[PDB]
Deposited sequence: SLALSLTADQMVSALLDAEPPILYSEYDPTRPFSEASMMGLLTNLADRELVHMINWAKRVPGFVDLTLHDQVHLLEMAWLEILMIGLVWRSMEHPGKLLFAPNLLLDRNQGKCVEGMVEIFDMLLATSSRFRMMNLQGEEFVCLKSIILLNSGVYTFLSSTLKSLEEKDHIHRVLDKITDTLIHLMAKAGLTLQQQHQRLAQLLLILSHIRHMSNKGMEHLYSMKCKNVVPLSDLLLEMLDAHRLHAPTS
């Protein structure tokens, strides 16, 4: 497997180069927001981001080695965490605001348009703020995002040998993160402290995903906005 033979620098470069582009929203400034039209915009955006995500995942070292079933399962588990960590990353330099798109920058009061969304906004805002205070670097961000992809569904799996392969790749991404922190000049103690802070943030991202999944499902069952067939099936994957 080509992935385990990568150097740390080669792991970073490949991840930086596989980054999806920042997409624009269908935001129309000629009309006011309603709950339905705000959700329409976000869902439409998310739907387009997903197609770029699927192709990004194919470029994450080790991901192609898995069977189609395992690939499907990992993306079904992580997709919303991955959209959220992107959003938080984009929003870093915009205190108090979430940059869904370059033409869609929203503060928490614009979140209140949608029943129950301001709570999610608040959590995303606080995470963006945490990344800002930590001075998260892009190289660290793409490692984290790749960790989410491989980790979030791995506990819900000779498919034990592929499960072992995923754990090997995760160890390489750990080595990569540490390599980056050392190269930035942090002491050894700062390295493993910083490593822990970043990974513990992944628990909060999981949390946000799970609360987000629950609100999207309730909106789907109230017909607030039409959902693409793809989004329906991804949402379906979390059903219980």
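Residues of the deposited sequence lacking C-alpha coordinates fall in the stretches 158-162, 246-250, numbered from 1.
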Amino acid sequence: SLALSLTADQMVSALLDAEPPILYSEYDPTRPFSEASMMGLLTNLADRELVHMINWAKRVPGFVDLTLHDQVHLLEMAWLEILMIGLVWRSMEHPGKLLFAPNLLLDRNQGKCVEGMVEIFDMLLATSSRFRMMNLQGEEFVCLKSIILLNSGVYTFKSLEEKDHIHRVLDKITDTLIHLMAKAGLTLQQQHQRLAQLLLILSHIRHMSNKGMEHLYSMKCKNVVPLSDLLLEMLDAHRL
From here on, numbers count along this sequence of modelled residues.
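Averaged over CA atoms, B-factors in the entry run higher in 162-170 than in the other of 119-127 and 162-170. For the pair 83-91 and 102-110, the record assigns the higher mean C-alpha temperature factor to 102-110. Comparing the C-alpha B-factors of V64, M38, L199, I178 in the entry, the top value falls on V64. In the deposited entry, the Cα temperature factor of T43 sits in the bottom third of values across the chain's modelled residues.
In the PDB entry, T187 places in the middle third of its chain by CA B-factor. Among all modelled residues in its chain, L74 ranks in the middle third by Cα B-factor. Ranked by Cα temperature factor within the chain, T30 sits in the highest third according to the deposited record. Annotation for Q137: CA B-factor lies in the middle third of the chain's modelled residues.
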